[PDB]
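Have a look at the structure below, then the notes.
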Amino acid sequence: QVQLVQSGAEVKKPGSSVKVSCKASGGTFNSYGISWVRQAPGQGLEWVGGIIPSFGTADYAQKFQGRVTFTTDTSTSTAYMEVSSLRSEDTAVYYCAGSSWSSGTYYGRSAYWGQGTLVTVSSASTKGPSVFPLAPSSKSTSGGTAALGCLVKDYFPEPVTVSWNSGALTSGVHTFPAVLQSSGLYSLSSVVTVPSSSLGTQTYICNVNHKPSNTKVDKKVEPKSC
Amino acid sequence: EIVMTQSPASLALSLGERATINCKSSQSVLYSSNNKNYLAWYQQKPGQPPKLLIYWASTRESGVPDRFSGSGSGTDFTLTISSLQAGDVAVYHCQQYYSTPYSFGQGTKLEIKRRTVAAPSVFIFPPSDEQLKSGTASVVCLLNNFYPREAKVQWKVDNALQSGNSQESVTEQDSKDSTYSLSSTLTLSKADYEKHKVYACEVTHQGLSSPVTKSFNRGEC
Amino acid sequence: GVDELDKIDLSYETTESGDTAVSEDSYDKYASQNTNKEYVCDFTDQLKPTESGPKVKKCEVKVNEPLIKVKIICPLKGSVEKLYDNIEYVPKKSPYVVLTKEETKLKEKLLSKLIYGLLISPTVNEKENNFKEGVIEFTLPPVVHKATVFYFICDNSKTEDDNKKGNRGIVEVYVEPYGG
Ligand code: NA
C-alpha cells in the first residue's frame, strides 16, 4: 500500500515560483527513483526530470534548464519540485511518480503515481465557487427515474471536486468537465439519476471541494413538489 | 534524445475485438548486456494518473490481465489488447527509460464503437431562487447516456432561438455502457430571465426518431 | 532477487590465471587509479606483447565509501594494428554479468544480485555500456550491506607479435559494507 500524495492546486503569477510537494506513505522513498511528469491541457505526457533521493543526483529535461530544482526531505519522506520564472506554457498537471529498483536502474517500474497537482500560471485571482441546486421535478423525471444535481459556478483556478453523499452515491453520477466562461471563470455541474420514488425519503447531498480557495460546501438538493 | 512515436493517434473498435497500438523509438532501447528493452506502457483513464501496465516491453505489472500484452524489441513495439472490454477506454502511453531525457509517445486514445445507438434521456433545470439572488440565471439541459457523441441542443426563449449565450460540456465515454452525457447551460441576467416565460431546449440525436423538446414556464411548476 | 528475464551461463567456468601457467605469487598486482569518487582500471598500456609475456596484470579496486564510480577500459581488437588481435574480455555481458569465485574457479554472476541498488546504465556518454565500446562503468550505492568480491577479465595473452606474447588483465573489485 505505497501511496504518493501531492500538494494542492494553485494559481501562480507569471514569472513567480511554485514548489510542489509529494509525500510517500507506506514507507520511505530511499530506494525509489522519483520522476516528475507534466501534462498540459489537451497534450501528452512530458518528462520534467527525476531524482534518486539516496543518490542526491537529479536529471532535468533541456526545456527546464536553470528553472527546475528537485529536492527531498528524507526525514519526512517528501519530494519537492520547484519551478521558477513561470510561463503561461507551464500551466499543467504535474505528477510525481516512484519506481522501485531493479536490474541496475531506479526507473524500470514507475508504478506509484501521485494524484497530480494542477499549477495554473495566470495573473487572475483565486475565486471560490458558489453552489446551486439542480432540483428534481416533473420536468426532470423520466419513467420512474429522476435527475438532480449541483451547479458549481464561477471559480478560479481549476479544479473543483464533487462527491455525492460523502462518496456513498456513485452509480449514475456524471460530473462534467469544467467550462471556461467568457468572464474567464470556470463553471461545472455534477448530476445523478435516482429513482423518482426515492425523492421524499432519501437525502441527496453534493460535497464540493475547491482547494485553492479552501472552499468546502455540502449542499442538500431538495425536490420540488412539481 | 530518443523520440517516441505512437500510431494510430486514436482507435475506435467494437467490444471483443483486438486493439493493436504501435510505438517506435528513434534509437534502439535494447541493452545488449542484459537483453532488456527499456520500454514501458501506461493506461490513463480520465481524471486519473497514468497506471503502469507493461515494463521491460513485455512484463505485466501485478494485477494487469493477460488480455494486455507487450511485444517487440529494439525500436519497434506493440501493445495488444485482446477481447476489448468497455472498461478499457483510456489513453495509452508508451515511454522509454533507456537514457535521459526520458520521453513519452504522444498517446493513443482508445474508444468503444457501439453497434447500436442509444437515445439520451433529456432533463431541464430552471435556475434556483438562490442563484437569482446573485443576479444571474443559468438554465441547464441535461442529455444522459447517449451514443453516438454527436448531438444538437438548441435553446428557445419564448420560442426565440438563442445564440451566443450557451455552453456545452460532454463527459468521457462511460466505462460500463460506452455512452456519453452532455450538459448545455444557458446564461441570462436575472433581469432578462424575468422578462420571459417559456424556456425550452430542443435536442436532436440519432437515437431519437424526431427532435425532442423539454420546457418549463418561469414561475409555474 | 532475480526477475523472470535474466539468465546467465551456469556452465561457464574459468580461473584467474587462465591458460598462462602463471601462479598467483607471480601476479603484477596494483591499485586502480582513483580520482575523487571515480576508480579507474585502464588496460591500454598494460597488455601489449612483451618479452616476458604472458604476465598477469591484476588491478585491485578497493571500495569502502559511498557512491564510487568504477570504470574499466579494455583495448579493443584492432584499435592498434596487430597488438590486440586476439584480445578477449570476460564476461561478454559486463558489467551486468560479472565473475565471482566458486571453489578456486570463476563463474558467472549478476552484479545486480550482488549489490542492491547500484547503477548500471545502458549508455555512458551516448555509447553502449559494454566492452564492445572499449569501456564499462557502474556506480555503487550510498549503502552496501553485504560484502562482495567480483572479477572482470581482459586477456591479451593469445596475441603474439615478434616472438612476444600479450598479457592477461584481471580486475578484482573488493566491496566492503559501508553506510550502515
Ligand atoms: Na581470487
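Ordering of the C-alpha cells sets the chain letters (A, B, ...); residue numbers start at 1 within each chain; ligands are numbered from 1 in the order shown.
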
- Task: Within 8 Å of ligand 1, which residues show up when you count only C-alpha atoms and all ligand atoms? List them as a count of residues only, please.
- Result: 4

- Task: Pull out every residue of chain A that has at least one atom within 8 Å of chain B, counting only C-alpha atoms, and report them as a PyMOL selection string.
- Result: chain A and resi 43-47+49+59-62+95+107-116+132-136+139-142+147+174-179+226

Take the residues just selected and output them with N, CA, C and O atoms as a compact mmCIF listing (two decimals), in the first residue's frame.
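out.txt was written with the following content:
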# COMPACT_ATOMS: atom_id res chain seq x y z
N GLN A 43 -2.70 17.68 -23.99
CA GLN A 43 -1.43 17.19 -24.51
C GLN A 43 -1.04 15.85 -23.91
O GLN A 43 -1.65 15.35 -22.95
N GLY A 44 0.03 15.28 -24.46
CA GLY A 44 0.58 14.05 -23.95
C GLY A 44 1.42 14.30 -22.72
O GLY A 44 1.51 15.41 -22.20
N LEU A 45 2.03 13.22 -22.23
CA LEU A 45 2.85 13.30 -21.03
C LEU A 45 4.24 13.81 -21.38
O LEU A 45 4.78 13.50 -22.44
N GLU A 46 4.83 14.60 -20.48
CA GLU A 46 6.12 15.21 -20.75
C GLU A 46 7.00 15.05 -19.52
O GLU A 46 6.66 15.53 -18.44
N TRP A 47 8.15 14.41 -19.70
CA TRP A 47 9.06 14.19 -18.58
C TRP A 47 9.72 15.51 -18.20
O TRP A 47 10.30 16.18 -19.06
N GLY A 49 11.76 15.74 -15.15
CA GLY A 49 13.04 15.34 -14.62
C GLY A 49 12.85 14.28 -13.56
O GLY A 49 11.74 13.80 -13.32
N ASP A 59 18.30 14.72 -12.71
CA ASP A 59 18.32 14.92 -14.15
C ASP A 59 17.12 15.77 -14.53
O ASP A 59 16.08 15.73 -13.88
N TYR A 60 17.27 16.55 -15.59
CA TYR A 60 16.27 17.52 -15.99
C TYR A 60 16.18 17.50 -17.50
O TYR A 60 17.18 17.30 -18.20
N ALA A 61 14.97 17.73 -18.01
CA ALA A 61 14.83 17.94 -19.44
C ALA A 61 15.42 19.29 -19.82
O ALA A 61 15.24 20.26 -19.05
N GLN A 62 16.09 19.33 -21.01
CA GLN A 62 16.69 20.57 -21.52
C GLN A 62 15.77 21.80 -21.46
O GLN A 62 16.25 22.91 -21.12
N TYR A 95 2.68 15.59 -12.12
CA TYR A 95 2.66 14.34 -11.36
C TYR A 95 4.05 14.01 -10.82
O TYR A 95 5.05 14.16 -11.53
N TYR A 107 14.41 3.30 -12.44
CA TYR A 107 13.31 3.84 -13.22
C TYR A 107 12.67 2.78 -14.11
O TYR A 107 11.97 3.12 -15.06
N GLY A 108 12.85 1.50 -13.79
CA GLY A 108 12.25 0.47 -14.62
C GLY A 108 10.79 0.17 -14.36
O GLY A 108 10.16 -0.55 -15.14
N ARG A 109 10.22 0.68 -13.27
CA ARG A 109 8.90 0.22 -12.87
C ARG A 109 8.16 1.33 -12.13
O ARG A 109 7.86 1.25 -10.95
N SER A 110 7.81 2.41 -12.85
CA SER A 110 7.15 3.55 -12.24
C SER A 110 5.67 3.24 -12.07
O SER A 110 4.81 3.67 -12.83
N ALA A 111 5.38 2.50 -11.00
CA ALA A 111 4.02 2.02 -10.75
C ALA A 111 3.26 2.89 -9.76
O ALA A 111 2.03 2.78 -9.69
N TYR A 112 3.94 3.74 -9.00
CA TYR A 112 3.31 4.52 -7.95
C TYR A 112 3.19 5.95 -8.43
O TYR A 112 4.20 6.60 -8.69
N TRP A 113 1.96 6.45 -8.55
CA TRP A 113 1.75 7.79 -9.07
C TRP A 113 1.00 8.64 -8.04
O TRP A 113 0.04 8.17 -7.42
N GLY A 114 1.46 9.88 -7.86
CA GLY A 114 0.67 10.85 -7.13
C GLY A 114 -0.58 11.22 -7.90
O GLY A 114 -0.71 10.95 -9.09
N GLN A 115 -1.52 11.85 -7.20
CA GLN A 115 -2.78 12.21 -7.83
C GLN A 115 -2.66 13.39 -8.79
O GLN A 115 -3.60 13.65 -9.54
N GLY A 116 -1.54 14.10 -8.80
CA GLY A 116 -1.38 15.23 -9.69
C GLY A 116 -1.69 16.55 -9.01
O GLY A 116 -2.56 16.64 -8.14
N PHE A 132 -25.16 25.85 -6.43
CA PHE A 132 -26.59 25.99 -6.56
C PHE A 132 -27.24 24.65 -6.88
O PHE A 132 -26.66 23.85 -7.62
N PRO A 133 -28.44 24.38 -6.35
CA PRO A 133 -29.08 23.09 -6.62
C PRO A 133 -29.72 23.05 -8.00
O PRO A 133 -30.24 24.04 -8.52
N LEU A 134 -29.68 21.85 -8.58
CA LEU A 134 -30.47 21.50 -9.74
C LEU A 134 -31.55 20.56 -9.19
O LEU A 134 -31.33 19.36 -9.03
N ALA A 135 -32.69 21.13 -8.87
CA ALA A 135 -33.69 20.39 -8.12
C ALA A 135 -34.42 19.41 -9.03
O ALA A 135 -34.71 19.73 -10.18
N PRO A 136 -34.70 18.20 -8.56
CA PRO A 136 -35.56 17.29 -9.34
C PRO A 136 -36.99 17.78 -9.35
O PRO A 136 -37.47 18.41 -8.41
N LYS A 139 -40.24 17.99 -14.72
CA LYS A 139 -39.51 18.30 -15.95
C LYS A 139 -38.11 17.72 -15.95
O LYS A 139 -37.36 17.89 -16.93
N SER A 140 -37.75 17.02 -14.86
CA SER A 140 -36.50 16.28 -14.73
C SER A 140 -36.77 14.83 -14.31
O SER A 140 -35.95 14.22 -13.62
N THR A 141 -37.94 14.29 -14.69
CA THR A 141 -38.36 12.93 -14.40
C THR A 141 -38.60 12.18 -15.70
O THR A 141 -39.30 12.67 -16.59
N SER A 142 -38.01 10.98 -15.83
CA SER A 142 -38.24 10.10 -16.97
C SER A 142 -38.54 8.70 -16.48
O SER A 142 -37.69 8.07 -15.85
N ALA A 147 -33.67 13.08 -12.34
CA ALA A 147 -32.32 13.62 -12.32
C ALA A 147 -32.28 14.83 -11.40
O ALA A 147 -33.25 15.56 -11.25
N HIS A 174 -22.71 11.82 -13.09
CA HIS A 174 -21.88 12.44 -14.12
C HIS A 174 -21.42 13.79 -13.62
O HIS A 174 -22.23 14.71 -13.45
N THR A 175 -20.13 13.93 -13.39
CA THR A 175 -19.55 15.23 -13.08
C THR A 175 -18.84 15.71 -14.34
O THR A 175 -17.84 15.12 -14.75
N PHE A 176 -19.35 16.78 -14.93
CA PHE A 176 -18.94 17.25 -16.24
C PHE A 176 -17.59 17.96 -16.15
O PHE A 176 -17.27 18.56 -15.12
N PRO A 177 -16.78 17.89 -17.21
CA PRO A 177 -15.58 18.74 -17.29
C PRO A 177 -15.98 20.20 -17.24
O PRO A 177 -17.03 20.60 -17.76
N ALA A 178 -15.14 20.99 -16.59
CA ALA A 178 -15.43 22.40 -16.41
C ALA A 178 -15.42 23.12 -17.75
O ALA A 178 -14.78 22.70 -18.72
N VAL A 179 -16.17 24.20 -17.81
CA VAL A 179 -16.22 25.07 -18.97
C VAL A 179 -15.64 26.42 -18.56
O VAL A 179 -16.00 26.96 -17.50
N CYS A 226 -43.39 19.23 -7.70
CA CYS A 226 -43.69 19.64 -9.08
C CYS A 226 -43.54 18.54 -10.10
O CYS A 226 -44.49 18.27 -10.84

- Go ahead and compute the interatomic distance for atom CA of residue 59 of chain B and atom CA of residue 37 of chain B, in Å to one decimal.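 Value for the atom CA of residue 59 of chain B-atom CA of residue 37 of chain B distance: 10.5 Å.
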
Contacts of segment 63-72 of chain A at 10 Å (only C-alpha atoms; same-chain gap of 3+ positions) as a short mmCIF file (atom, residue, chain, number, x, y, z; two decimals) with N, CA, C and O atoms, in the first residue's frame:
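As written to disk, part-v3.cif reads:
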data_model
loop_
_atom_site.label_atom_id
_atom_site.label_comp_id
_atom_site.auth_asym_id
_atom_site.auth_seq_id
_atom_site.Cartn_x
_atom_site.Cartn_y
_atom_site.Cartn_z
N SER A 17 7.45 31.60 -8.73
CA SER A 17 7.94 30.26 -8.47
C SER A 17 6.89 29.45 -7.75
O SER A 17 6.12 29.98 -6.95
N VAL A 18 6.85 28.15 -8.04
CA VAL A 18 5.95 27.24 -7.35
C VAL A 18 6.78 26.08 -6.80
O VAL A 18 7.76 25.66 -7.41
N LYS A 19 6.40 25.58 -5.62
CA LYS A 19 7.02 24.39 -5.05
C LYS A 19 5.92 23.37 -4.81
O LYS A 19 4.99 23.61 -4.04
N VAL A 20 6.02 22.23 -5.49
CA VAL A 20 5.04 21.15 -5.38
C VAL A 20 5.66 20.05 -4.53
O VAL A 20 6.82 19.67 -4.74
N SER A 21 4.93 19.58 -3.54
CA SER A 21 5.39 18.50 -2.68
C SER A 21 4.76 17.17 -3.08
O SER A 21 3.66 17.12 -3.62
N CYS A 22 5.46 16.09 -2.72
CA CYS A 22 4.97 14.74 -2.99
C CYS A 22 5.45 13.85 -1.84
O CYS A 22 6.65 13.60 -1.74
N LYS A 23 4.54 13.41 -0.99
CA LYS A 23 4.91 12.64 0.20
C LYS A 23 4.53 11.18 0.01
O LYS A 23 3.41 10.87 -0.40
N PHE A 29 11.09 6.67 0.55
CA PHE A 29 11.38 6.58 -0.87
C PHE A 29 12.88 6.39 -1.12
O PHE A 29 13.35 6.57 -2.25
N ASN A 30 13.64 6.03 -0.08
CA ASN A 30 15.09 5.93 -0.14
C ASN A 30 15.61 4.81 -1.03
O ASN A 30 16.83 4.65 -1.13
N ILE A 34 12.42 8.78 -8.24
CA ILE A 34 11.27 9.67 -8.29
C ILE A 34 11.32 10.40 -9.63
O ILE A 34 12.35 10.95 -10.00
N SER A 35 10.21 10.40 -10.36
CA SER A 35 10.11 11.16 -11.59
C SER A 35 9.07 12.26 -11.42
O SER A 35 8.10 12.10 -10.66
N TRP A 36 9.26 13.35 -12.14
CA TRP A 36 8.25 14.40 -12.24
C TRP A 36 7.83 14.50 -13.70
O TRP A 36 8.68 14.60 -14.60
N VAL A 48 9.57 15.92 -16.95
CA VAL A 48 10.26 17.12 -16.47
C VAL A 48 11.66 16.78 -15.96
O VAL A 48 12.64 17.45 -16.29
N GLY A 49 11.76 15.74 -15.15
CA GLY A 49 13.04 15.34 -14.62
C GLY A 49 12.85 14.28 -13.56
O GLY A 49 11.74 13.80 -13.32
N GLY A 50 13.96 13.95 -12.91
CA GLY A 50 13.95 12.90 -11.91
C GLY A 50 15.04 13.09 -10.88
O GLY A 50 16.02 13.80 -11.12
N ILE A 51 14.86 12.45 -9.73
CA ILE A 51 15.85 12.46 -8.67
C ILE A 51 15.77 11.11 -7.97
O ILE A 51 14.69 10.56 -7.77
N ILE A 52 16.94 10.56 -7.66
CA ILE A 52 17.06 9.40 -6.78
C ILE A 52 17.45 9.93 -5.40
O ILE A 52 18.60 10.38 -5.22
N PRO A 53 16.56 9.88 -4.41
CA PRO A 53 16.83 10.55 -3.13
C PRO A 53 18.03 9.99 -2.39
O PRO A 53 18.72 10.77 -1.71
N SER A 54 18.31 8.69 -2.54
CA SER A 54 19.52 8.10 -1.98
C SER A 54 20.77 8.76 -2.53
O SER A 54 21.72 9.05 -1.80
N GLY A 56 21.13 11.71 -4.23
CA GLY A 56 21.23 13.15 -4.28
C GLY A 56 21.44 13.72 -5.66
O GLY A 56 21.75 14.91 -5.78
N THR A 57 21.28 12.92 -6.70
CA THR A 57 21.56 13.34 -8.07
C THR A 57 20.24 13.54 -8.81
O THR A 57 19.28 12.80 -8.58
N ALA A 58 20.21 14.53 -9.70
CA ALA A 58 18.99 14.87 -10.41
C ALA A 58 19.27 15.09 -11.89
O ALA A 58 20.34 15.58 -12.26
N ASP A 59 18.30 14.72 -12.71
CA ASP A 59 18.32 14.92 -14.15
C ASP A 59 17.12 15.77 -14.53
O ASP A 59 16.08 15.73 -13.88
N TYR A 60 17.27 16.55 -15.59
CA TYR A 60 16.27 17.52 -15.99
C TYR A 60 16.18 17.50 -17.50
O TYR A 60 17.18 17.30 -18.20
N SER A 75 13.74 12.89 6.09
CA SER A 75 13.09 12.80 7.39
C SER A 75 11.59 12.60 7.26
O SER A 75 11.00 11.73 7.92
N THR A 76 10.95 13.39 6.40
CA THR A 76 9.51 13.35 6.19
C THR A 76 9.12 12.58 4.93
O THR A 76 7.93 12.56 4.59
N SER A 77 10.09 11.98 4.23
CA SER A 77 9.89 11.20 3.00
C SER A 77 9.06 11.96 1.96
O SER A 77 8.10 11.44 1.38
N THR A 78 9.43 13.21 1.75
CA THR A 78 8.70 14.09 0.85
C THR A 78 9.67 14.56 -0.22
O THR A 78 10.81 14.92 0.08
N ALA A 79 9.24 14.49 -1.48
CA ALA A 79 10.00 15.03 -2.59
C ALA A 79 9.40 16.37 -3.01
O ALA A 79 8.19 16.58 -2.90
N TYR A 80 10.26 17.28 -3.45
CA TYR A 80 9.81 18.60 -3.88
C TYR A 80 10.30 18.89 -5.29
O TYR A 80 11.37 18.45 -5.69
N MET A 81 9.48 19.63 -6.03
CA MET A 81 9.84 20.17 -7.32
C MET A 81 9.55 21.67 -7.28
O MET A 81 8.41 22.08 -7.05
N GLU A 82 10.58 22.47 -7.50
CA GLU A 82 10.40 23.92 -7.57
C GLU A 82 10.63 24.39 -8.99
O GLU A 82 11.69 24.14 -9.57
N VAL A 83 9.64 25.08 -9.56
CA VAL A 83 9.75 25.63 -10.90
C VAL A 83 9.71 27.15 -10.79
O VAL A 83 8.73 27.72 -10.31
N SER A 84 10.76 27.81 -11.27
CA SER A 84 10.84 29.26 -11.19
C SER A 84 10.59 29.88 -12.57
O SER A 84 10.51 29.19 -13.58
N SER A 85 10.47 31.22 -12.58
CA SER A 85 10.21 32.04 -13.77
C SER A 85 9.06 31.49 -14.62
O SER A 85 9.22 31.22 -15.81
N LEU A 86 7.91 31.31 -13.98
CA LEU A 86 6.81 30.55 -14.58
C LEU A 86 6.25 31.24 -15.82
O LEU A 86 6.12 32.46 -15.86
#

- Name all residues at most 9 Å from segment 153-158 of chain C (count only C-alpha atoms; drop same-chain ones fewer than 6 positions away) and give them as a ChimeraX atom specification. /C:16,18-20,43,47-49,53-56,74-75,83-91,99,165-171

Kindly export the residues of the current selection with C-alpha atoms, as a PDB file, in the first residue's frame.
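Result file result.pdb:
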ATOM      1  CA  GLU C  16      42.232 -16.112 -12.619  1.00  0.00           C
ATOM      2  CA  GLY C  18      43.516 -18.866 -17.276  1.00  0.00           C
ATOM      3  CA  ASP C  19      45.925 -20.626 -19.632  1.00  0.00           C
ATOM      4  CA  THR C  20      49.009 -18.525 -18.809  1.00  0.00           C
ATOM      5  CA  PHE C  43      44.500  -1.666 -19.540  1.00  0.00           C
ATOM      6  CA  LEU C  47      48.621  -5.816 -22.060  1.00  0.00           C
ATOM      7  CA  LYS C  48      50.666  -5.371 -25.254  1.00  0.00           C
ATOM      8  CA  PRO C  49      53.067  -8.163 -26.342  1.00  0.00           C
ATOM      9  CA  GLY C  53      54.800 -12.360 -21.721  1.00  0.00           C
ATOM     10  CA  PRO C  54      52.325 -13.599 -20.769  1.00  0.00           C
ATOM     11  CA  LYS C  55      52.238 -11.800 -17.443  1.00  0.00           C
ATOM     12  CA  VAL C  56      49.170 -11.348 -15.244  1.00  0.00           C
ATOM     13  CA  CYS C  74      39.918  -2.684 -22.142  1.00  0.00           C
ATOM     14  CA  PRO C  75      41.636  -2.089 -25.501  1.00  0.00           C
ATOM     15  CA  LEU C  83      48.837  -5.691 -30.896  1.00  0.00           C
ATOM     16  CA  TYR C  84      45.336  -6.697 -29.662  1.00  0.00           C
ATOM     17  CA  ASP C  85      44.296  -9.062 -32.479  1.00  0.00           C
ATOM     18  CA  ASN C  86      43.366 -11.915 -30.113  1.00  0.00           C
ATOM     19  CA  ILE C  87      42.222  -9.943 -27.054  1.00  0.00           C
ATOM     20  CA  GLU C  88      39.173 -11.306 -25.229  1.00  0.00           C
ATOM     21  CA  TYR C  89      37.013  -9.771 -22.484  1.00  0.00           C
ATOM     22  CA  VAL C  90      35.039 -11.831 -19.940  1.00  0.00           C
ATOM     23  CA  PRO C  91      32.074 -11.701 -19.261  1.00  0.00           C
ATOM     24  CA  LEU C  99      32.652 -13.357 -12.372  1.00  0.00           C
ATOM     25  CA  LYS C 165      53.001 -12.527 -26.112  1.00  0.00           C
ATOM     26  CA  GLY C 166      50.445 -10.157 -24.651  1.00  0.00           C
ATOM     27  CA  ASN C 167      49.378 -10.133 -21.006  1.00  0.00           C
ATOM     28  CA  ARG C 168      46.249 -11.267 -19.151  1.00  0.00           C
ATOM     29  CA  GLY C 169      44.429  -8.479 -17.301  1.00  0.00           C
ATOM     30  CA  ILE C 170      42.369  -9.063 -14.139  1.00  0.00           C
ATOM     31  CA  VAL C 171      40.116  -6.605 -12.297  1.00  0.00           C
TER      32      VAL C 171
END

- Item | At most 7 Å to chain A: residues in chain C, only C-alpha atoms, as an MDAnalysis selection string | chainID C and resid 112 117:121 142

Residues of chain C were defined as contacting chain B if any atom lay at most 7 Å from it, counting only C-alpha atoms; please report them as a PDB file with N, CA and C atoms, in the first residue's frame.
ATOM      1  N   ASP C   6      16.259 -12.475 -16.606  1.00  0.00           N
ATOM      2  CA  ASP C   6      17.719 -12.520 -16.511  1.00  0.00           C
ATOM      3  C   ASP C   6      18.220 -13.957 -16.432  1.00  0.00           C
ATOM      4  N   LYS C  93      28.948  -9.918 -21.330  1.00  0.00           N
ATOM      5  CA  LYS C  93      27.862  -9.063 -20.868  1.00  0.00           C
ATOM      6  C   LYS C  93      28.234  -8.239 -19.640  1.00  0.00           C
ATOM      7  N   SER C  94      29.523  -7.917 -19.476  1.00  0.00           N
ATOM      8  CA  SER C  94      29.931  -6.968 -18.450  1.00  0.00           C
ATOM      9  C   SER C  94      29.276  -5.614 -18.727  1.00  0.00           C
ATOM     10  N   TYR C  96      26.907  -6.037 -16.431  1.00  0.00           N
ATOM     11  CA  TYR C  96      25.701  -6.649 -15.881  1.00  0.00           C
ATOM     12  C   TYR C  96      25.979  -8.058 -15.367  1.00  0.00           C
ATOM     13  N   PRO C 122      22.445   1.688 -19.374  1.00  0.00           N
ATOM     14  CA  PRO C 122      22.754   1.069 -20.675  1.00  0.00           C
ATOM     15  C   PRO C 122      23.701   1.871 -21.535  1.00  0.00           C
ATOM     16  N   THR C 123      23.788   3.191 -21.355  1.00  0.00           N
ATOM     17  CA  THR C 123      24.705   4.013 -22.126  1.00  0.00           C
ATOM     18  C   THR C 123      25.495   4.913 -21.190  1.00  0.00           C
ATOM     19  N   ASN C 130      29.202  -1.394 -22.539  1.00  0.00           N
ATOM     20  CA  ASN C 130      29.584  -2.768 -22.844  1.00  0.00           C
ATOM     21  C   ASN C 130      31.013  -2.704 -23.355  1.00  0.00           C
TER      22      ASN C 130
END

Expected answer as a PDB file with C-alpha atoms, in the first residue's frame: strand (DSSP E or B) residues in segment 52-162 of chain B:
ATOM      1  CA  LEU B  52       1.714   1.185 -15.292  1.00  0.00           C
ATOM      2  CA  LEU B  53       0.641  -1.769 -17.495  1.00  0.00           C
ATOM      3  CA  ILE B  54       3.805  -3.225 -19.089  1.00  0.00           C
ATOM      4  CA  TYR B  55       7.510  -2.750 -18.331  1.00  0.00           C
ATOM      5  CA  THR B  59       6.420  -7.857 -18.410  1.00  0.00           C
ATOM      6  CA  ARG B  60       2.937  -7.240 -16.965  1.00  0.00           C
ATOM      7  CA  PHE B  68      -2.899  -6.895 -22.231  1.00  0.00           C
ATOM      8  CA  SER B  69       0.301  -7.976 -23.999  1.00  0.00           C
ATOM      9  CA  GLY B  70       3.513  -6.102 -24.833  1.00  0.00           C
ATOM     10  CA  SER B  71       5.795  -7.254 -27.638  1.00  0.00           C
ATOM     11  CA  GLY B  72       8.622  -6.042 -29.861  1.00  0.00           C
ATOM     12  CA  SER B  73      12.334  -5.382 -29.497  1.00  0.00           C
ATOM     13  CA  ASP B  76       9.527  -1.289 -32.739  1.00  0.00           C
ATOM     14  CA  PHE B  77       6.991  -2.144 -30.032  1.00  0.00           C
ATOM     15  CA  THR B  78       3.331  -3.115 -29.811  1.00  0.00           C
ATOM     16  CA  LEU B  79       0.701  -3.152 -27.079  1.00  0.00           C
ATOM     17  CA  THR B  80      -2.034  -5.686 -27.878  1.00  0.00           C
ATOM     18  CA  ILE B  81      -5.354  -5.704 -26.043  1.00  0.00           C
ATOM     19  CA  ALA B  90      -8.410   5.156 -21.928  1.00  0.00           C
ATOM     20  CA  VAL B  91      -5.430   6.922 -23.391  1.00  0.00           C
ATOM     21  CA  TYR B  92      -2.454   4.569 -23.739  1.00  0.00           C
ATOM     22  CA  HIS B  93       1.104   5.896 -23.500  1.00  0.00           C
ATOM     23  CA  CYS B  94       4.476   4.322 -24.268  1.00  0.00           C
ATOM     24  CA  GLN B  95       7.684   5.530 -22.561  1.00  0.00           C
ATOM     25  CA  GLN B  96      11.396   4.851 -22.901  1.00  0.00           C
ATOM     26  CA  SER B 103      10.462  10.555 -23.202  1.00  0.00           C
ATOM     27  CA  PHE B 104       6.886   9.528 -23.919  1.00  0.00           C
ATOM     28  CA  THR B 108      -3.282   6.725 -28.220  1.00  0.00           C
ATOM     29  CA  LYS B 109      -6.945   7.297 -27.382  1.00  0.00           C
ATOM     30  CA  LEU B 110      -8.972   4.072 -27.364  1.00  0.00           C
ATOM     31  CA  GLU B 111     -12.768   4.235 -27.533  1.00  0.00           C
ATOM     32  CA  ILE B 112     -15.553   1.672 -27.894  1.00  0.00           C
ATOM     33  CA  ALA B 118     -28.649   4.984 -27.529  1.00  0.00           C
ATOM     34  CA  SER B 121     -32.894  10.841 -21.625  1.00  0.00           C
ATOM     35  CA  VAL B 122     -33.410  14.625 -21.520  1.00  0.00           C
ATOM     36  CA  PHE B 123     -33.893  16.787 -18.410  1.00  0.00           C
ATOM     37  CA  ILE B 124     -34.267  20.555 -17.963  1.00  0.00           C
ATOM     38  CA  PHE B 125     -33.471  22.513 -14.776  1.00  0.00           C
ATOM     39  CA  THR B 136     -27.715  35.552 -12.929  1.00  0.00           C
ATOM     40  CA  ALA B 137     -29.958  32.775 -14.216  1.00  0.00           C
ATOM     41  CA  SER B 138     -28.435  29.536 -15.503  1.00  0.00           C
ATOM     42  CA  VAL B 139     -30.809  27.134 -17.288  1.00  0.00           C
ATOM     43  CA  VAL B 140     -29.430  23.601 -17.638  1.00  0.00           C
ATOM     44  CA  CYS B 141     -30.413  20.992 -20.220  1.00  0.00           C
ATOM     45  CA  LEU B 142     -29.091  17.504 -19.456  1.00  0.00           C
ATOM     46  CA  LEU B 143     -28.643  14.726 -22.038  1.00  0.00           C
ATOM     47  CA  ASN B 144     -27.967  11.475 -20.180  1.00  0.00           C
ATOM     48  CA  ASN B 145     -26.243   8.329 -21.544  1.00  0.00           C
ATOM     49  CA  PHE B 146     -26.425   8.587 -25.326  1.00  0.00           C
ATOM     50  CA  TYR B 147     -24.416   7.208 -28.267  1.00  0.00           C
ATOM     51  CA  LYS B 152     -27.575  19.156 -31.340  1.00  0.00           C
ATOM     52  CA  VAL B 153     -29.071  21.207 -28.484  1.00  0.00           C
ATOM     53  CA  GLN B 154     -30.903  24.436 -29.271  1.00  0.00           C
ATOM     54  CA  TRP B 155     -32.332  26.903 -26.761  1.00  0.00           C
ATOM     55  CA  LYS B 156     -35.616  28.739 -27.281  1.00  0.00           C
ATOM     56  CA  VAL B 157     -36.833  31.526 -25.038  1.00  0.00           C
ATOM     57  CA  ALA B 160     -36.960  32.649 -29.999  1.00  0.00           C
ATOM     58  CA  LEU B 161     -33.813  30.769 -30.983  1.00  0.00           C
TER      59      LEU B 161
END
